[PDB]
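Next up: just one chain, as structure tokens, the form deposited without its partner chain.
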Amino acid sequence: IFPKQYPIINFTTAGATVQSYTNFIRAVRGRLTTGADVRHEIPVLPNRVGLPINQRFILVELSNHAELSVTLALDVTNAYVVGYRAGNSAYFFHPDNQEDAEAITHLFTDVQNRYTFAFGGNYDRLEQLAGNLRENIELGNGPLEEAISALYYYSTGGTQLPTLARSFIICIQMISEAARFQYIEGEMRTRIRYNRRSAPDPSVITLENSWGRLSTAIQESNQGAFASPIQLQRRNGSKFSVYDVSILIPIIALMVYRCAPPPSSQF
């Protein structure tokens, strides 16, 4: 065994229900946040700087209704999907720096085939590849079912980069973004409850595009009030400004570490 296998979290679209999905997201959230280090009632992800390799990643094991499995690799510090495993092959996106590259070499070390994509896994790159913007890509248990399938078959000829990228985007939003925002989790749930597959509307998109921004503002907020009004989008695309963290409490679940935990006020 490799020195301490990273925590594995399983999930399966086989007979997915709102309940099972909620459980899935719960586990993910509980595996990322340190527990402590909370700003204005919102848990903050651990700082990468002093994070040992062993406590760096979380593995999300995705099973399919047709006996297929894909093990995703989530970065604890930001809930970023760095790569995945399919049977005996492992694929990772192109890292942005030496630090991450050094960390990636510890994921799926027992696989026989290791591959590092020339492109990065960031939305902008993936959208170009998929030849489709997120707002035109449907989400739901169905799309996820198909997503897992594509990722798995990438290792067996049935590749098609556009599909591969599309699948990644689907999985990212329904997992990483879902854990990040309680709001997004709800969107996916509504889709599951009624067995629906629909593209994410502007309110969802903007949240994804503003995660880091919100995290910064909340951590640098004068006791709760934002130093500057952060504009956001509604379901209809309309814009509105958020002036206080209170409004965002039941919305955002996780935040990326920014400012050092102030006079560490936890008890």
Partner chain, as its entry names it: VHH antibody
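Shifts are known only where both forms have a C-alpha. Rigid core here is just the name for the largest C-alpha set that superposes within 1.5 Å across the two forms. Residue numbers count along the first chain shown, from 1.
Peer 1: Would 145-153 or 100-108 have the larger average of its C-alpha temperature factors, as given in the entry?
Peer 2: Taking the mean C-alpha B-factor of 145-153 and of 100-108, the larger value falls to 100-108.
Peer 1: Per the PDB record, is the mean Cα temperature factor higher over 15-23 or over 247-255?
Peer 2: Going by the record's values, the stretch with the higher mean is 15-23.
Peer 1: Going by the entry, which of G50, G212, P202, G30 has the most elevated CA B factor?
Peer 2: Result of the comparison over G50, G212, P202, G30: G50.
Peer 1: Using the entry's values, work out which of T159, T190, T77, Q173 has the largest Cα B factor.
Peer 2: Among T159, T190, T77, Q173, the highest C-alpha B-factor in the entry belongs to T159.
Peer 1: Classify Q128 as lowest, middle or highest third according to the C-alpha B-factor given in the PDB entry, relative to its own chain.
Peer 2: Tercile = middle for this residue's CA B-factor.
Peer 1: Lowest, middle or highest third: where is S167 by C-alpha B factor in its chain?
Peer 2: Lowest third.
Peer 1: Sort the modelled residues of this chain by their C-alpha B factor and say whether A118 lands in the lowest, middle or highest third.
Peer 2: Middle third.
Peer 1: When the deposited Cα B-factors of this chain's modelled residues are ordered and cut into thirds, is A179 in the lowest, the middle or the highest one?
Peer 2: As the PDB entry reports it, the C-alpha B-factor of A179 lands in the lowest third of its chain.
Peer 1: Would you please rank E61 by its C-alpha temperature factor against the other modelled residues of its chain and give the third it falls in: lowest, middle or highest?
Peer 2: Its C-alpha B-factor belongs to the highest third of this chain's values.
What follows is about the form solved in complex with its partner chain, which we do not show.
Peer 1: Against its partner chain in the deposited complex, would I58 count as a contact residue? Criterion: heavy atoms within 4.5 Å.
Peer 2: Although its partner chain is absent here, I58 would stay clear of it in the deposited complex, with no heavy atoms inside 4.5 Å.
Peer 1: Might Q233 be said to contact its partner chain in the deposited complex, defining contact as any heavy atom within 4.5 Å?
Peer 2: Looking in the deposited complex, residue contacts with its partner chain include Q233, since a heavy atom lies within 4.5 Å.
Peer 1: Taking its partner chain as it sits in the deposited complex, is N10 near enough to touch it, meaning that at least one heavy atom pair lies within 4.5 angstroms?
Peer 2: Flag for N10 set to no.
Peer 1: Sequence order please: the residues of 236-256 with a heavy atom within 4.5 Å of its partner chain in the deposited complex.
Peer 2: Contacting residues: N236, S238, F240, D244, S246, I247, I249, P250, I251.
Peer 1: Given a cut-off of 2 Å on Cα movement between the shown form and the other one, rigid core as reference, pick the single residue from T34, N209, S241, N54 that exceeds or meets it.
Peer 2: Only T34 moves by 2 Å or more at its C-alpha.
Peer 1: Suppose the core is superposed; which segments, at least 3 residues long, show C-alpha displacements of 2 Å or more throughout between the shown form and the other one?
Peer 2: Residues 34-36, 236-238 form the runs that move by 2 Å or more between the shown form and the other one.
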